[PDB]
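Asks: Any chance you can model this:
(5 chains)
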Amino acid sequence: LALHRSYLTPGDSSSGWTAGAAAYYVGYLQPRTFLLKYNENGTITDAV
Amino acid sequence: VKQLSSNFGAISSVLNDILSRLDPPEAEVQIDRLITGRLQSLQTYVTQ
Amino acid sequence: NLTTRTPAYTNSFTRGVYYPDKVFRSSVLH
Amino acid sequence: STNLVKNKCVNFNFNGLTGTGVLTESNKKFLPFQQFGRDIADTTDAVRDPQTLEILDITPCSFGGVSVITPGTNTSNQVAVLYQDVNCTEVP
Amino acid sequence: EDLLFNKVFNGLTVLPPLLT
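Replies: Residues are numbered from 1 along each chain as shown, chains lettered A, B, ... in the order given. The protein structure is shown below:
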């Protein structure tokens, strides 16, 4: 993740940082069977 | 038509590949597995 | 290093489906 | 990279997929990642040529069973032959 | 009959019916 260092908060190397805004969601994958529905153009428009 | 896509125990379900990537004496064992298998699928369609 | 940093789970509603192969199928359920 | 031929029953080996078919212009709109196109029953009915990125349809070439209509050997030795399921421009 | 009718590869060939 990029860390923003700015003139506003020189602090020390540890304290020279700004969180800004970030969100990350990690979900692991498992072996599964899915029925995928492909439309006329070939896009997967649904799955079960 | 789907049974044409099942190995029946050979290296591959495609006759061209078994013949192309194997020596002529040992491909005959692999084709004979497909021929016994594919013939059984046709006998079941005709009886049913 | 870093300092002064002041987990919850959210439902994945039907997300994470990726085109399994490079084949094209139209109007088919596979 | 041998040159492409169309409207003839030509054996073909594309980028690793091989079949015998008549290759013609296709109206199918393939998405960019897709390489071949398969119909129901796992049969490849479309391929995109690698060199010009154009979608080409594959249709099996003709195969029909000749049948013979005989007036009867006692009446005559004339016969007429029905080549089934063949537009009569490919019979010879 | 019209109401009734409306409501209703490889090595394989479907031969056509004799009485159309």
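
Asks: is the residue in chain A positioned nearest to chain E in a bridge, and if so with what?
Replies: With Cβ to the nearest Cβ as the measure, residue A:38 is the residue of chain A nearest to chain E, at 20.6 Å. All C-beta spots, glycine's among them, are computed from the backbone N, C-alpha and C. Going by DSSP bridges, residue A:38 is paired in beta bridges with residue A:44, residue C:28.

Asks: Just want the most central residue of chain B.
Replies: In chain B, the centroid-proximal residue (Cα atoms, centre = their mean) is residue B:34; its distance is 1.8 Å.

Asks: Tell me, how many residues neighbour the residue of chain C found nearest chain B?
Replies: In chain C, the residue that lies nearest chain B is residue C:30 (12.9 Å; Cβ to the nearest Cβ). Residues contacting residue C:30 under the criterion other Cβ atoms under 10 Å in any protein chain shown number 16.

Asks: repeat for residue A:8
Replies: 9.

Asks: show me where chain D has strands.
Replies: In chain D, the strands defined using DSSP state E lie at D:10-13, D:18-25, D:36-39, D:43-49, D:54-59, D:66-69, D:80-83.

Asks: Quick one: closest of these to residue A:17.
Replies: Comparing the strands of chain D by their distance to residue A:17 (Cβ to Cβ), the top pick is strand D:43-49, with 48.9 Å.

Asks: returning to that earlier point: how close does the closest residue in space to the residue of chain C closest to chain B that isn't next to it in sequence sit to residue D:47?
Replies: Spatially, and ignoring its direct neighbours in sequence, residue C:30 is nearest to residue A:36 (5.5 Å; Cβ to Cβ, 6 or more residues apart in numbering or on different chains). Distance of residue A:36 to residue D:47, computed by Cβ to Cβ, to the nearest Å: 22 Å.

Asks: what do you get for residue B:48?
Replies: For residue B:48, the distance to residue D:47 equals 35 Å [Cβ to Cβ].

Asks: Next up, the contacts around residue D:50.
Replies: D:14-15 (Cβ atoms under 8 Å, 6 or more residues apart in numbering or on different chains).

Asks: Just want to know which of residue A:36 and residue D:47 has more residues nearby.
Replies: Neighbour totals were compared for residue A:36 and residue D:47, and residue D:47 leads with 23 against 17 (other Cβ under 10 Å).

Asks: residues contacting the residue lying closest to residue D:68 once chain neighbours are set aside?
Replies: Leaving aside its chain neighbours, residue D:68 sits nearest to residue D:79 (5.0 Å; criterion: Cβ to Cβ, 6+ apart). Neighbour list for residue D:79: D:68-71 [criterion: Cβ under 8 Å, 6+ apart].

Asks: number of nearby residues for the residue lying closest to residue D:20 once chain neighbours are set aside?
Replies: Nearest-residue entry for residue D:20: residue D:11, 4.7 Å, with adjacent residues in sequence omitted and distances by Cβ to Cβ, 6+ apart. Residue D:11 is flanked by 9 other residues according to other Cβ under 10 Å.

Asks: Now do residue D:11 against chain A, distance only.
Replies: In this view, residue D:11 and chain A are 27 Å apart by Cβ to the nearest Cβ, to the nearest Å.

Asks: Chain E contacts on chain D?
Replies: Contact residues (Cβ under 8 Å from any Cβ of the partner chain) of chain D with chain E: D:41, D:43, D:60, D:63-65, D:84-85.

Asks: Check the offset of stretch D:10-18 from the chain's centre.
Replies: Here stretch D:10-18 shows a centroid-to-chain-centroid distance of 14 Å under the convention Cα atoms, centre = their mean, to the nearest Å.

Asks: In it, which of the residues would be classed as buried?
Replies: In terms of neighbour count (16 or more other Cβ atoms under 10 Å in any protein chain shown), stretch D:10-18 has its buried residues at D:12, D:14.
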